[PDB]
Amino acid sequence: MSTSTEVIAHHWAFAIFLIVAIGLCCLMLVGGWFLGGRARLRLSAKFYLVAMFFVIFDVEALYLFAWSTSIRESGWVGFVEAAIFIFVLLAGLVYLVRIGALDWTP
Amino acid sequence: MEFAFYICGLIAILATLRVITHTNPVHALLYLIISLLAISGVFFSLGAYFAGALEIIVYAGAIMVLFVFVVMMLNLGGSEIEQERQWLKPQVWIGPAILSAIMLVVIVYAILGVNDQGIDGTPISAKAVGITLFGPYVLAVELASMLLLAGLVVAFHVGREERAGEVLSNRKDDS
Amino acid sequence: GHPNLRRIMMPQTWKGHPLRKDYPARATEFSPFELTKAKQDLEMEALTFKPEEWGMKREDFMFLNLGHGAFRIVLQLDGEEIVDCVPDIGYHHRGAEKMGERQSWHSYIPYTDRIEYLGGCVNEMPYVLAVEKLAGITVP
Amino acid sequence: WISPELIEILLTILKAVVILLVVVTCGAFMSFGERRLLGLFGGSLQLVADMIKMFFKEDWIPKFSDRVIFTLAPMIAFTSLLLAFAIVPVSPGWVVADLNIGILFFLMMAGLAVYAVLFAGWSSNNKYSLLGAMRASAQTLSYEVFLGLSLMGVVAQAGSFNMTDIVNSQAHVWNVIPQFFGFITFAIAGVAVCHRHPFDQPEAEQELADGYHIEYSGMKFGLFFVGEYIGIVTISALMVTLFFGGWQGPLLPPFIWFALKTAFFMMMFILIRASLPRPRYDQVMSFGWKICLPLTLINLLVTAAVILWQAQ
Amino acid sequence: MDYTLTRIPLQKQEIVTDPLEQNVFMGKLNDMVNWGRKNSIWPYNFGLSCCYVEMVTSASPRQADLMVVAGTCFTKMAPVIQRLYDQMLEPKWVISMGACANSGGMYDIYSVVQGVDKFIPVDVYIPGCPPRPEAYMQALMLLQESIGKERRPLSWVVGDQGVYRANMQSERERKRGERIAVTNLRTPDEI
Ligand code: SF4
């Protein structure tokens, strides 16, 4: 909205804050550059495993992100479905613990 | 706030156009990151705050992270394909782009002619999405949890090394 | 019948033999041209690396120079696990013995201190005892 | 062309620049204090002298590297955790972002923060720094995976993302005592995302890996340093406004109370830096998955049960 | 006092006066730049044989704008010293610890370069087998004074692109009175 004369002030402040932080960083780099004077292999699969754990548990976390807003608007049936969601999530988690995908062991 | 939507859409189109026709993939992933940022700005311009929040939380915060992980992991620099430059030639670039432009022309002919009340304000809060997502969509979240579990299980089964060490050479068929 | 018989204290681009009596035990004039040759050699050491002069076995095997003191140790890699290594030494060569042929029996005591700096007096003990054996001195 | 609406919006702009300058200054003051009260185990002009030196130095661009992402990684490391502070209220009328998604924006910034390490590792044409950036990115992903759940504890107790709603739902009791598990998990996750001392130099357990901070010189490394410190002070501000009382106090002014509690968290961070030794990598991963994520999931379940039990 | 100008070991140096005696805003801003470079000095202690371990009791390159050459100048390690010198970025300063970095330093032999003075410029020398950490600290103060009285180009675009090193009075002439005016010392038969 652009007509409530206080949230539009907050929007202007937010946009100016963003653009002036970016401008401050740009001008700091510009001052660093201008002033001062001049003169095969492969990593692993465990990094992929932990990043895949991050993204999969992140989507299973965004489901709880959506749930946590309506935690009191929804009833106990919402608690039951979130409980079985977290239960199967922890079942997969303890599967990853007990198999050994979640350990490093250097 | 329609000007922000137009600017975000234009720079999203330009960013994904530079994604399609770039040589090395790290700048392609960076352009796709700013394309996802522009798509999130489009989401914020249409009142879908939770959608853009999930776009930079997950789509620009977990998926591109995984792509950059793989790129910096197996040390690909686009080599042995970037010396060919086959996608900067008419015989490869003209055909499929013509086919996709025909698809675009017919689908935007399908877009036009529909009645349009127009995009209004009243942004959809994440609270309403939480009510609907754990309301009529219980089976959606449970079976999507099982979908993510299945994807985790498969990519663990396929993308595990079974070797040792944090540095491994690209040996043919892993001996 | 010696594998990889090469210079261990001096670089391979060294003409004379230092501990020979005809070799002068003095620092010659420092030419920057030789130092630039050695800098260029250090720049292309990993590029023109030939693992036959080092006494190495010629796809996993990756050759790298790993730079108490400081010394290089070349390493042959099967991934992370290490299969062969020749520690390159001689980077701290002070010529203590060749200066022993130069200093007298009394002026060489600091040079006996400076071979092992943590020991010091422990390291000037054996020279003093051997010198007393030569002189026939029984200390009280 | 003076109008009251223009006066109000210009005052809001001035307040935004004031809070930006004061958070940069307080991050630099955190740097100066971390220099000061570590040696005991005016002097503030050495900070300005160091800034003058880093400004007046010759920059390096590596001849084999690419300019844009090598110079854009410090941009991410600075401004992502800088604009993470825009959501934090310091007073009833001194906030710059009153948006509906009050903490999801911090989650966006924390998700984007790993690209600084990734781009540093790729642009720095050095395989050891690349491996160290790989390890650091894996660490911050494995420890940011539960940051969202540790914050959903407070969101589930309050009912909305907005920070004003958090500090108005904390009007009777502060959130640290009902959710202490959420407090400690959020503190650990904020330390690890910010790449502070216990989760610092993950390349220390290996010698084929070096830090991603190398191959930078001058203002780029300086930007990395001050970006880490604005990140830790905005994590302190988020922690106080989400678990302690946001600008809430008996007699002192609300902004004074918020600054005092933020500095209290800063001295606590200095203390936990001085006390706890560095663990190695394997218990870092093992803890950050096995002990951290089931505990915050159980915390979310228990807080759901107790807020639905007393539902009237 | 008068300065030497280096402009674009084998280069030529000439002894001229400082350009600040020829503007008032440039004088104080150059003073602030020299103050900032003087107060915050980041060292790169080079790891060598037996002066490096002595200053241990007292970081990565290219952020440390200062090199402290400690040990003996070996002919194999001299290219490493020069390469690590060209790694660092202008402005850079050199402190030599021990006799082995100033001169040959008890090793006038085939495998020892007679100091780093042969191939890199040195700002501050410290004499003697291993100097005390307090000697290193007093060399730091002396070099801070030398940096504080300097005239370097503030930018590579506008201004004189030449470095002006000050001719400091030598420490033996400055401290001559307090050294010659020493009458008696403690006998070495006690502690
Ligand atoms: S001056 Fe003495 S302590 Fe220092 S490097 Fe030379 S021999 Fe070693």
# chains A, B, ... in the order shown; residues from 1 in each chain; ligands from 1
>>> interface_residues(of="chain E", to="chain C", cutoff="12 Å", atoms="only C-alpha atoms", output="JSON, numbers by chain")
{"E": [9, 10, 46, 47, 48, 49, 50, 51, 52, 53, 54, 70, 71, 72, 73, 74, 75, 76, 77, 78, 79, 80, 81, 82, 83, 84, 85, 86, 100, 103, 104, 105, 106, 107, 108, 109, 110, 111, 112, 113, 114, 115, 116, 117, 118, 119, 120, 129, 130]}
>>> residues_around(residues="region 34-51 of chain A", least_positions_apart="3", cutoff="7 Å", atoms="only C-alpha atoms", output="PyMOL selection string")
(chain A and resi 30-31+54-55) or (chain B and resi 66+69-70+73-75+156+159-161+166-170) or (chain D and resi 55-58+138+141-142) or (chain E and resi 90+153-156)
>>> closest_residue(among="A:106, A:83, A:17, A:4", to="chain C", atoms="only C-alpha atoms")
A:106
>>> residues_around(residues="residue 257 (chain D)", least_positions_apart="5", cutoff="7 Å", atoms="only C-alpha atoms", output="ChimeraX atom specification")
/D:247-249,252
>>> atom_distance(atom1="CA of residue 127 (chain B)", atom2="CA of residue 68 (chain A)")
8.5 Å
>>> residues_around(residues="residue 118 (chain D)", least_positions_apart="3", cutoff="10 Å", atoms="only C-alpha atoms", output="compact mmCIF listing (two decimals) with N, CA and C atoms, in the first residue's frame")
# COMPACT_ATOMS: atom_id res chain seq x y z
N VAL B 65 22.65 -22.87 -3.16
CA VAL B 65 23.75 -23.28 -2.28
C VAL B 65 24.21 -24.69 -2.64
N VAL B 68 26.09 -24.51 -6.04
CA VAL B 68 27.42 -23.96 -5.84
C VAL B 68 28.31 -24.96 -5.10
N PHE B 69 27.74 -25.72 -4.16
CA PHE B 69 28.47 -26.79 -3.48
C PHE B 69 28.99 -27.82 -4.47
N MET B 72 31.77 -26.13 -6.90
CA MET B 72 33.05 -25.97 -6.23
C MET B 72 33.58 -27.27 -5.66
N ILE D 69 33.03 -11.48 -8.49
CA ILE D 69 32.61 -12.21 -7.30
C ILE D 69 33.65 -12.13 -6.19
N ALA D 73 31.92 -10.97 -2.75
CA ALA D 73 31.84 -11.72 -1.50
C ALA D 73 31.95 -10.85 -0.24
N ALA D 113 24.04 -15.39 3.68
CA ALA D 113 25.37 -15.17 4.25
C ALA D 113 26.40 -16.22 3.83
N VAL D 114 25.97 -17.44 3.50
CA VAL D 114 26.92 -18.49 3.13
C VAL D 114 27.53 -18.25 1.75
N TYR D 115 26.86 -17.47 0.89
CA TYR D 115 27.40 -17.17 -0.43
C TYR D 115 28.68 -16.35 -0.36
N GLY D 121 35.74 -18.74 -1.61
CA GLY D 121 36.45 -19.97 -1.93
C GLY D 121 36.61 -20.20 -3.42
N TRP D 122 35.59 -19.86 -4.21
CA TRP D 122 35.71 -20.05 -5.65
C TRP D 122 36.63 -19.01 -6.28
N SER D 123 36.49 -17.74 -5.89
CA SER D 123 37.26 -16.68 -6.52
C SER D 123 38.73 -16.75 -6.12
N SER D 124 39.02 -17.07 -4.87
CA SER D 124 40.40 -17.24 -4.43
C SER D 124 40.95 -18.50 -5.08
N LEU D 130 39.85 -23.02 -0.99
CA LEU D 130 38.59 -23.59 -1.48
C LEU D 130 38.08 -24.68 -0.55
N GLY D 132 38.87 -25.04 2.66
CA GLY D 132 38.47 -24.40 3.91
C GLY D 132 37.13 -23.71 3.82
N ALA D 133 36.84 -23.08 2.67
CA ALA D 133 35.53 -22.49 2.46
C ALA D 133 34.45 -23.56 2.37
N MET D 134 34.79 -24.71 1.78
CA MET D 134 33.86 -25.85 1.77
C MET D 134 33.52 -26.30 3.18
N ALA D 136 33.83 -24.54 6.02
CA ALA D 136 33.10 -23.48 6.72
C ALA D 136 31.65 -23.40 6.27
N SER D 137 31.41 -23.55 4.96
CA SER D 137 30.04 -23.54 4.45
C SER D 137 29.25 -24.74 4.95
N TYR D 212 39.40 -19.22 4.08
CA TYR D 212 38.94 -18.40 2.97
C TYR D 212 39.26 -16.93 3.16
>>> closest_residue(among="D:301, D:131, D:158, D:256", to="chain B", atoms="only C-alpha atoms")
D:131
>>> residues_around(residues="residue 45 (chain E)", least_positions_apart="4", cutoff="9 Å", atoms="only C-alpha atoms", output="VMD selection string")
chain E and resid 52 55 to 56 59 66 to 70
>>> write_last_selection(atoms="N, CA, C and O atoms", output="PDB file, in the first residue's frame")
ATOM      1  N   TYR E  52      63.971 -16.094  14.836  1.00  0.00           N
ATOM      2  CA  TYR E  52      62.516 -16.203  14.800  1.00  0.00           C
ATOM      3  C   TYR E  52      61.969 -16.785  16.096  1.00  0.00           C
ATOM      4  O   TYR E  52      60.951 -16.317  16.618  1.00  0.00           O
ATOM      5  N   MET E  55      62.095 -14.053  18.764  1.00  0.00           N
ATOM      6  CA  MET E  55      61.019 -13.069  18.853  1.00  0.00           C
ATOM      7  C   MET E  55      59.649 -13.710  19.055  1.00  0.00           C
ATOM      8  O   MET E  55      58.647 -12.987  19.089  1.00  0.00           O
ATOM      9  N   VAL E  56      59.574 -15.040  19.162  1.00  0.00           N
ATOM     10  CA  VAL E  56      58.317 -15.690  19.529  1.00  0.00           C
ATOM     11  C   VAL E  56      57.912 -15.290  20.945  1.00  0.00           C
ATOM     12  O   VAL E  56      56.734 -15.028  21.223  1.00  0.00           O
ATOM     13  N   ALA E  59      50.774 -13.503  11.089  1.00  0.00           N
ATOM     14  CA  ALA E  59      49.592 -13.640  10.249  1.00  0.00           C
ATOM     15  C   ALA E  59      49.978 -13.999   8.821  1.00  0.00           C
ATOM     16  O   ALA E  59      51.154 -14.204   8.519  1.00  0.00           O
ATOM     17  N   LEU E  66      54.449  -5.522   6.641  1.00  0.00           N
ATOM     18  CA  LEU E  66      55.744  -5.380   7.285  1.00  0.00           C
ATOM     19  C   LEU E  66      56.380  -6.750   7.421  1.00  0.00           C
ATOM     20  O   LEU E  66      55.715  -7.699   7.844  1.00  0.00           O
ATOM     21  N   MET E  67      57.660  -6.853   7.071  1.00  0.00           N
ATOM     22  CA  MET E  67      58.381  -8.116   7.138  1.00  0.00           C
ATOM     23  C   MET E  67      59.566  -7.983   8.083  1.00  0.00           C
ATOM     24  O   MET E  67      60.365  -7.048   7.962  1.00  0.00           O
ATOM     25  N   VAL E  68      59.667  -8.917   9.022  1.00  0.00           N
ATOM     26  CA  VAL E  68      60.776  -8.990   9.964  1.00  0.00           C
ATOM     27  C   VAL E  68      61.613 -10.201   9.582  1.00  0.00           C
ATOM     28  O   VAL E  68      61.232 -11.345   9.860  1.00  0.00           O
ATOM     29  N   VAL E  69      62.750  -9.955   8.941  1.00  0.00           N
ATOM     30  CA  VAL E  69      63.651 -11.022   8.524  1.00  0.00           C
ATOM     31  C   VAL E  69      64.548 -11.365   9.706  1.00  0.00           C
ATOM     32  O   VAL E  69      65.354 -10.543  10.146  1.00  0.00           O
ATOM     33  N   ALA E  70      64.423 -12.594  10.202  1.00  0.00           N
ATOM     34  CA  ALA E  70      65.059 -13.001  11.450  1.00  0.00           C
ATOM     35  C   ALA E  70      66.404 -13.691  11.233  1.00  0.00           C
ATOM     36  O   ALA E  70      67.439 -13.218  11.712  1.00  0.00           O
TER      37      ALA E  70
END
>>> select_by_dssp(residues="region 96-281 of chain D", states="alpha helix (DSSP H)", output="ChimeraX atom specification")
/D:104-112,114-123,127-144,147-158,163-169,180-193,219-243,254-275,281
>>> select_by_dssp(residues="chain C", states="strand (DSSP E)", output="NGL selection string")
:C and (61-66 or 72-78 or 81-88)
>>> write_last_selection(atoms="C-alpha atoms", output="PDB file, in the first residue's frame")
ATOM      1  CA  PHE C  61      49.057 -39.767  -7.383  1.00  0.00           C
ATOM      2  CA  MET C  62      49.331 -35.990  -6.952  1.00  0.00           C
ATOM      3  CA  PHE C  63      52.745 -34.394  -6.356  1.00  0.00           C
ATOM      4  CA  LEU C  64      52.928 -31.358  -4.087  1.00  0.00           C
ATOM      5  CA  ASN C  65      55.622 -29.452  -2.201  1.00  0.00           C
ATOM      6  CA  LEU C  66      54.575 -28.970   1.436  1.00  0.00           C
ATOM      7  CA  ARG C  72      59.994 -28.346   2.054  1.00  0.00           C
ATOM      8  CA  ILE C  73      58.785 -31.947   1.935  1.00  0.00           C
ATOM      9  CA  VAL C  74      57.535 -33.279  -1.397  1.00  0.00           C
ATOM     10  CA  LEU C  75      54.490 -35.531  -1.118  1.00  0.00           C
ATOM     11  CA  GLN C  76      52.844 -38.138  -3.342  1.00  0.00           C
ATOM     12  CA  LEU C  77      49.093 -38.345  -2.767  1.00  0.00           C
ATOM     13  CA  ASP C  78      46.607 -41.146  -3.226  1.00  0.00           C
ATOM     14  CA  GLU C  81      46.551 -40.764   1.983  1.00  0.00           C
ATOM     15  CA  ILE C  82      50.298 -40.359   1.394  1.00  0.00           C
ATOM     16  CA  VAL C  83      52.405 -42.985  -0.357  1.00  0.00           C
ATOM     17  CA  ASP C  84      55.855 -41.448  -0.908  1.00  0.00           C
ATOM     18  CA  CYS C  85      57.733 -38.454   0.478  1.00  0.00           C
ATOM     19  CA  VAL C  86      61.238 -37.027   0.090  1.00  0.00           C
ATOM     20  CA  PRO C  87      61.792 -34.227   2.643  1.00  0.00           C
ATOM     21  CA  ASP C  88      63.874 -31.566   0.896  1.00  0.00           C
TER      22      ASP C  88
END
>>> residues_around(residues="region 18-24 of chain A", least_positions_apart="4", cutoff="7 Å", atoms="only C-alpha atoms", output="ChimeraX atom specification")
/A:14,28 /D:79,83
>>> write_last_selection(atoms="N, CA and C atoms", output="PDB file, in the first residue's frame")
ATOM      1  N   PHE A  14      13.005   1.859   4.784  1.00  0.00           N
ATOM      2  CA  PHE A  14      13.574   0.545   4.498  1.00  0.00           C
ATOM      3  C   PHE A  14      14.355   0.558   3.186  1.00  0.00           C
ATOM      4  N   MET A  28      33.032   2.480   0.248  1.00  0.00           N
ATOM      5  CA  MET A  28      34.170   1.985   1.012  1.00  0.00           C
ATOM      6  C   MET A  28      35.134   1.219   0.112  1.00  0.00           C
TER       7      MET A  28
ATOM      8  N   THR D  79      26.838  -6.564   3.932  1.00  0.00           N
ATOM      9  CA  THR D  79      25.479  -6.042   3.873  1.00  0.00           C
ATOM     10  C   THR D  79      24.395  -7.058   4.208  1.00  0.00           C
ATOM     11  N   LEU D  83      21.734  -5.564   6.774  1.00  0.00           N
ATOM     12  CA  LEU D  83      20.285  -5.443   6.626  1.00  0.00           C
ATOM     13  C   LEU D  83      19.512  -6.482   7.425  1.00  0.00           C
TER      14      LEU D  83
END
>>> residues_around(residues="residue 3 (chain E)", least_positions_apart="4", cutoff="8 Å", atoms="only C-alpha atoms", output="list in words")
residues 15, 16, 17, 18, 164, 165, 166 and 167 of chain E
>>> atom_distance(atom1="CA of residue 8 (chain A)", atom2="CA of residue 95 (chain D)")
13.2 Å
>>> closest_residue(among="B:50, B:109, B:87, B:93", to="chain A", atoms="only C-alpha atoms")
B:50
>>> closest_residue(among="D:232, D:308, D:191, D:77", to="residue 120 (chain D)", atoms="only C-alpha atoms")
D:77
>>> interface_residues(of="chain C", to="chain B", cutoff="6 Å", atoms="only C-alpha atoms", output="ChimeraX atom specification")
/C:60,79-80
>>> write_last_selection(atoms="N, CA, C and O atoms", output="short mmCIF file (atom, residue, chain, number, x, y, z; two decimals), in the first residue's frame")
data_model
loop_
_atom_site.label_atom_id
_atom_site.label_comp_id
_atom_site.auth_asym_id
_atom_site.auth_seq_id
_atom_site.Cartn_x
_atom_site.Cartn_y
_atom_site.Cartn_z
N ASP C 60 45.61 -41.23 -9.34
CA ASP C 60 45.38 -40.60 -8.05
C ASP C 60 46.61 -39.83 -7.57
O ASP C 60 46.46 -38.82 -6.87
N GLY C 79 44.79 -39.55 -3.18
CA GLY C 79 43.74 -38.77 -2.56
C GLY C 79 44.28 -37.90 -1.44
O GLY C 79 44.97 -36.91 -1.69
N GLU C 80 43.97 -38.27 -0.20
CA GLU C 80 44.58 -37.66 0.97
C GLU C 80 45.68 -38.52 1.58
O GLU C 80 46.59 -37.98 2.23
#
>>> interface_residues(of="chain E", to="chain A", cutoff="12 Å", atoms="only C-alpha atoms", output="ChimeraX atom specification")
/E:6-8,30,33-34,37,86-92,151-163
>>> write_last_selection(atoms="C-alpha atoms", output="CSV table (one decimal), in the first residue's frame")
chain,number,residue,atom,x,y,z
E,6,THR,CA,62.5,7.1,-5.0
E,7,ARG,CA,60.5,7.4,-8.2
E,8,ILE,CA,59.8,5.3,-11.2
E,30,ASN,CA,49.2,13.4,5.0
E,33,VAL,CA,47.7,9.1,6.9
E,34,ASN,CA,51.2,8.7,8.4
E,37,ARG,CA,50.1,3.8,9.2
E,86,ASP,CA,57.1,-9.0,-3.7
E,87,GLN,CA,54.0,-10.7,-2.4
E,88,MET,CA,53.4,-7.9,0.0
E,89,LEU,CA,51.8,-4.6,-1.1
E,90,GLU,CA,53.0,-1.0,-1.0
E,91,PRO,CA,53.6,0.5,1.5
E,92,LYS,CA,55.9,-2.1,3.0
E,151,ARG,CA,55.8,11.7,2.3
E,152,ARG,CA,54.1,9.0,0.2
E,153,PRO,CA,51.7,9.4,-2.6
E,154,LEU,CA,48.2,9.5,-1.2
E,155,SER,CA,46.7,8.3,-4.4
E,156,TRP,CA,47.9,6.8,-7.7
E,157,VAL,CA,46.0,9.3,-9.8
E,158,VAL,CA,46.4,12.8,-8.4
E,159,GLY,CA,49.7,14.0,-6.8
E,160,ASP,CA,53.4,13.4,-6.8
E,161,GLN,CA,54.0,9.7,-7.4
E,162,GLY,CA,57.2,9.4,-5.4
E,163,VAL,CA,58.1,8.1,-2.0
>>> closest_residue(among="D:302, D:21, D:47, D:117", to="chain B", atoms="only C-alpha atoms")
D:117
>>> interface_residues(of="chain D", to="chain E", cutoff="12 Å", atoms="only C-alpha atoms", output="compact mmCIF listing (two decimals) with N, CA, C and O atoms, in the first residue's frame")
# COMPACT_ATOMS: atom_id res chain seq x y z
N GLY D 43 42.74 4.93 23.64
CA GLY D 43 43.00 3.72 22.90
C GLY D 43 42.02 3.45 21.78
O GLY D 43 42.30 2.59 20.93
N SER D 44 40.88 4.14 21.76
CA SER D 44 39.89 3.94 20.71
C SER D 44 40.31 4.53 19.37
O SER D 44 39.71 4.18 18.35
N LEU D 45 41.32 5.40 19.35
CA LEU D 45 41.78 5.99 18.10
C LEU D 45 42.63 5.03 17.27
O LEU D 45 42.88 5.31 16.09
N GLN D 46 43.07 3.91 17.85
CA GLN D 46 43.76 2.89 17.06
C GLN D 46 42.82 2.28 16.04
O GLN D 46 43.26 1.84 14.97
N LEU D 47 41.52 2.25 16.34
CA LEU D 47 40.52 1.80 15.38
C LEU D 47 40.49 2.70 14.15
O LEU D 47 40.49 2.22 13.00
N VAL D 48 40.49 4.02 14.37
CA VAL D 48 40.49 4.98 13.27
C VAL D 48 41.81 4.92 12.51
O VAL D 48 41.83 5.02 11.28
N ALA D 49 42.92 4.72 13.23
CA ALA D 49 44.22 4.58 12.59
C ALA D 49 44.27 3.34 11.70
O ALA D 49 44.82 3.38 10.59
N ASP D 50 43.70 2.23 12.17
CA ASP D 50 43.66 1.00 11.40
C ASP D 50 42.79 1.19 10.16
O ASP D 50 43.16 0.74 9.06
N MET D 51 41.66 1.88 10.30
CA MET D 51 40.80 2.17 9.15
C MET D 51 41.52 3.05 8.13
O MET D 51 41.39 2.85 6.92
N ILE D 52 42.30 4.03 8.62
CA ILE D 52 43.08 4.90 7.74
C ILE D 52 44.12 4.08 6.98
O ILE D 52 44.32 4.27 5.77
N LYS D 53 44.78 3.15 7.67
CA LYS D 53 45.76 2.29 7.02
C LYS D 53 45.12 1.42 5.94
O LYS D 53 45.62 1.33 4.82
N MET D 54 43.98 0.79 6.26
CA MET D 54 43.32 -0.08 5.29
C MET D 54 42.76 0.70 4.11
O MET D 54 42.68 0.16 3.00
N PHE D 55 42.35 1.95 4.33
CA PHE D 55 41.96 2.80 3.20
C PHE D 55 43.16 3.14 2.33
O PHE D 55 43.09 3.06 1.10
N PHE D 56 44.28 3.52 2.95
CA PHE D 56 45.47 3.94 2.21
C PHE D 56 46.45 2.79 1.99
O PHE D 56 47.63 2.87 2.34
N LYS D 57 45.96 1.70 1.40
CA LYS D 57 46.79 0.58 0.98
C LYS D 57 46.50 0.25 -0.48
O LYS D 57 45.42 0.53 -1.01
N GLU D 58 47.49 -0.35 -1.13
CA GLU D 58 47.33 -0.81 -2.50
C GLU D 58 46.47 -2.07 -2.52
O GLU D 58 46.76 -3.03 -1.80
N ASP D 59 45.39 -2.05 -3.30
CA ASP D 59 44.55 -3.22 -3.44
C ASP D 59 45.24 -4.31 -4.26
O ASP D 59 46.19 -4.05 -5.01
N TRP D 60 44.75 -5.54 -4.12
CA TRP D 60 45.24 -6.64 -4.93
C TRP D 60 44.01 -7.16 -5.66
O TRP D 60 42.97 -7.36 -5.02
N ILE D 61 44.10 -7.38 -6.96
CA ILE D 61 43.21 -8.30 -7.65
C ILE D 61 44.06 -9.42 -8.22
O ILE D 61 45.01 -9.14 -8.97
N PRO D 62 43.83 -10.68 -7.84
CA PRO D 62 44.67 -11.77 -8.34
C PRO D 62 44.52 -11.95 -9.84
O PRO D 62 43.41 -11.97 -10.37
N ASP D 210 43.03 -24.35 3.85
CA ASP D 210 43.36 -23.07 4.45
C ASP D 210 42.11 -22.21 4.53
O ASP D 210 41.08 -22.51 3.92
N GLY D 211 42.19 -21.14 5.32
CA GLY D 211 41.04 -20.28 5.50
C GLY D 211 40.70 -19.50 4.24
O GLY D 211 41.55 -19.16 3.43
N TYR D 212 39.40 -19.22 4.08
CA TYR D 212 38.94 -18.40 2.97
C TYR D 212 39.26 -16.93 3.16
O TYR D 212 39.17 -16.16 2.19
N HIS D 213 39.65 -16.52 4.37
CA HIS D 213 40.01 -15.14 4.64
C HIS D 213 41.31 -14.74 3.96
O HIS D 213 41.55 -13.54 3.76
N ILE D 214 42.15 -15.71 3.61
CA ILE D 214 43.39 -15.41 2.91
C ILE D 214 43.10 -14.99 1.47
O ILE D 214 41.97 -15.10 0.98
N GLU D 215 44.14 -14.46 0.82
CA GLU D 215 44.18 -13.92 -0.55
C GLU D 215 43.39 -12.62 -0.69
O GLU D 215 43.39 -12.01 -1.77
N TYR D 216 42.72 -12.18 0.37
CA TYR D 216 42.20 -10.83 0.48
C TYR D 216 43.21 -9.93 1.18
O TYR D 216 44.00 -10.38 2.01
N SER D 217 43.17 -8.65 0.83
CA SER D 217 44.09 -7.68 1.40
C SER D 217 43.40 -6.33 1.49
O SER D 217 42.65 -5.94 0.59
N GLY D 218 43.67 -5.62 2.57
CA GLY D 218 43.14 -4.27 2.71
C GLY D 218 41.65 -4.28 3.00
O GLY D 218 41.16 -4.99 3.88
N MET D 219 40.92 -3.48 2.22
CA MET D 219 39.54 -3.16 2.57
C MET D 219 38.61 -4.34 2.40
O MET D 219 37.57 -4.39 3.05
N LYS D 220 38.96 -5.33 1.57
CA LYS D 220 38.11 -6.51 1.44
C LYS D 220 38.15 -7.37 2.70
O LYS D 220 37.10 -7.78 3.22
N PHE D 221 39.35 -7.63 3.23
CA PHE D 221 39.47 -8.34 4.50
C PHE D 221 38.89 -7.53 5.65
O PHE D 221 38.28 -8.08 6.57
N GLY D 222 39.07 -6.20 5.60
CA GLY D 222 38.44 -5.34 6.58
C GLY D 222 36.93 -5.40 6.55
O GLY D 222 36.29 -5.42 7.60
>>> decode(residues="region 67-76 of chain C", atoms="N, CA and C atoms", output="mmCIF file, in the first residue's frame")
data_model
loop_
_atom_site.group_PDB
_atom_site.id
_atom_site.type_symbol
_atom_site.label_atom_id
_atom_site.label_comp_id
_atom_site.auth_asym_id
_atom_site.auth_seq_id
_atom_site.Cartn_x
_atom_site.Cartn_y
_atom_site.Cartn_z
ATOM 1 N N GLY C 67 55.467 -26.804 2.067
ATOM 2 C CA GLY C 67 56.405 -25.886 2.684
ATOM 3 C C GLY C 67 56.325 -25.876 4.197
ATOM 4 N N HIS C 68 62.269 -25.661 15.389
ATOM 5 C CA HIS C 68 61.547 -26.484 14.426
ATOM 6 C C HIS C 68 62.104 -26.232 13.029
ATOM 7 N N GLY C 69 62.163 -24.961 12.638
ATOM 8 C CA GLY C 69 62.668 -24.597 11.332
ATOM 9 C C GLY C 69 61.627 -24.762 10.243
ATOM 10 N N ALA C 70 62.020 -24.364 9.034
ATOM 11 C CA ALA C 70 61.160 -24.448 7.862
ATOM 12 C C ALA C 70 61.880 -25.219 6.769
ATOM 13 N N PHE C 71 61.191 -26.195 6.182
ATOM 14 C CA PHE C 71 61.765 -27.006 5.120
ATOM 15 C C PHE C 71 60.644 -27.557 4.254
ATOM 16 N N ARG C 72 60.944 -27.740 2.973
ATOM 17 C CA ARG C 72 59.994 -28.346 2.054
ATOM 18 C C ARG C 72 60.044 -29.862 2.169
ATOM 19 N N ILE C 73 58.885 -30.496 2.031
ATOM 20 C CA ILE C 73 58.785 -31.947 1.935
ATOM 21 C C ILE C 73 57.833 -32.278 0.791
ATOM 22 N N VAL C 74 58.368 -32.881 -0.270
ATOM 23 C CA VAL C 74 57.535 -33.279 -1.397
ATOM 24 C C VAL C 74 56.686 -34.478 -0.992
ATOM 25 N N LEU C 75 55.480 -34.557 -1.546
ATOM 26 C CA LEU C 75 54.490 -35.531 -1.118
ATOM 27 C C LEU C 75 53.772 -36.097 -2.330
ATOM 28 N N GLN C 76 53.605 -37.419 -2.330
ATOM 29 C CA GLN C 76 52.844 -38.138 -3.342
ATOM 30 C C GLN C 76 51.532 -38.603 -2.720
#
